[PDB]
Amino acid sequence: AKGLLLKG
Amino acid sequence: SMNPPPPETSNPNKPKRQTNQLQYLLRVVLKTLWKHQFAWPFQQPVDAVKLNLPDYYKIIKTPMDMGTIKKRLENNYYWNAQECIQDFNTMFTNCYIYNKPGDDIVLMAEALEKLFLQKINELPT
Ligand SMILES: [Cl-]
Ligand SMILES: [Cl-]
Ligand SMILES: [Cl-]
Ligand code: NA
Ligand code: NA
Ligand code: NA
Ligand code: NA
Ligand code: NA
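Residues numbered from 1 in each chain as written, not as in the entry; some residues may be left out. Chains lettered and ligands numbered in written order. Heavy atoms only, no water. Residues with missing side-chain atoms left out of burial classes, pairs and counts.

Per the deposited record, the coordinates in this entry were obtained by X-ray crystallography to a resolution of 1.7200 Å.

As structure tokens, then:
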């Protein structure tokens, strides 16, 4: 995982 | 910490050409894959700086993304469709290698890859 959910 | 230079999308020493199969791949990217609901994480290189992923480019030494592929097709960078298909396989494999099973990003890649392979199985000529 890359923390993409944290982007927004 | 830093991002690498992104993959090249033009090269004055690499021969270029247009083929009907390469045109078909561009049509698939523009009409189907680019606007897919799961496309957005693949539309540009992984920004390890913004995402604070110091390990990404230690693990992924052949990065690839659909933004790069799209620009390569639009610039006629490829000689044949196989080069382009290999770039797609690299993009999907990188995602599976860096991430882990059960990650939502892996599910997104798998769904995009399933659709891409359906379109490959319909390639012309
Ligand atoms: Cl993620
Ligand atoms: Cl950087
Ligand atoms: Cl070709
Ligand atoms: Na989001
Ligand atoms: Na040509
Ligand atoms: Na052709
Ligand atoms: Na990392
Ligand atoms: Na080839």
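Volume-wise, the largest cavity comes out at about 110 Å³. Lining the largest cavity are 13 residues, with A:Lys2, B:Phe42, B:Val46, B:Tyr56 and B:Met64 sitting closest to its centre. A total of 4 residues in the lining of the largest cavity trace back to one element, the largest contributor, which is helix α4 (residues 81–98) of chain B. Of the residues in the lining of the largest cavity, the class split is 8 nonpolar, 3 polar and 2 charged. (1 Å grid on protein atoms, 1.4 Å probe; cavity = no way out; pocket = protein on both sides within 12 Å on 5 of 7 lines; lining within 4 Å. Points joined across faces, edges and corners; volume = space filled by probe spheres on them. Helix = DSSP H or I, 4+ residues; strand = E, 2+ residues; numbered from the N terminus. Nonpolar A, V, L, I, M, F, W, Y, C, P; charged D, E, K, R; others polar.)

Attention now moves to the interface of chain B and chain A. If you look at the interface, chain B gives 10 residues, while chain A gives 4 residues. Summed over both partners, the interface of chain B with chain A buries about 650 Å², with 68% contributed by carbon and sulfur atoms. Put simply, chain B and chain A have 0 salt bridges between them. The interface formed by chain B and chain A holds 2 residue pairs in polar contact in total. Taken together, the residues of the side of chain B that touches chain A sort by class into 7 nonpolar, 1 polar and 2 charged. (Contact = heavy atoms within 4.5 Å. Buried area = accessible area lost by both parts, 1.4 Å probe. Salt bridge = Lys/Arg side-chain N within 4 Å of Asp/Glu carboxyl O. Polar contact = N/O pair within 3.5 Å; in protein donor to acceptor, adjacent residues only side chain to side chain.)

Looking now at the environment of B:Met64. Residue and element names in this part refer to chain B. Here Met-64 lies in the loop between α2 (56–59) and α3 (66–74). Exposure remark for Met-64: the relative accessible area of 11% places this residue in the buried category. Separated by 23 residues in the primary sequence, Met-64 and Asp-87 place their C-alpha atoms 6.6 Å from one another. Those residues in contact with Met-64 that sit more than four places away from it in its chain are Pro-7, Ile-69, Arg-72, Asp-87, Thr-90, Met-91 and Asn-94. (Buried < 20%, exposed > 50% of the residue type's maximum accessible area, 1.4 Å probe, protein only.)

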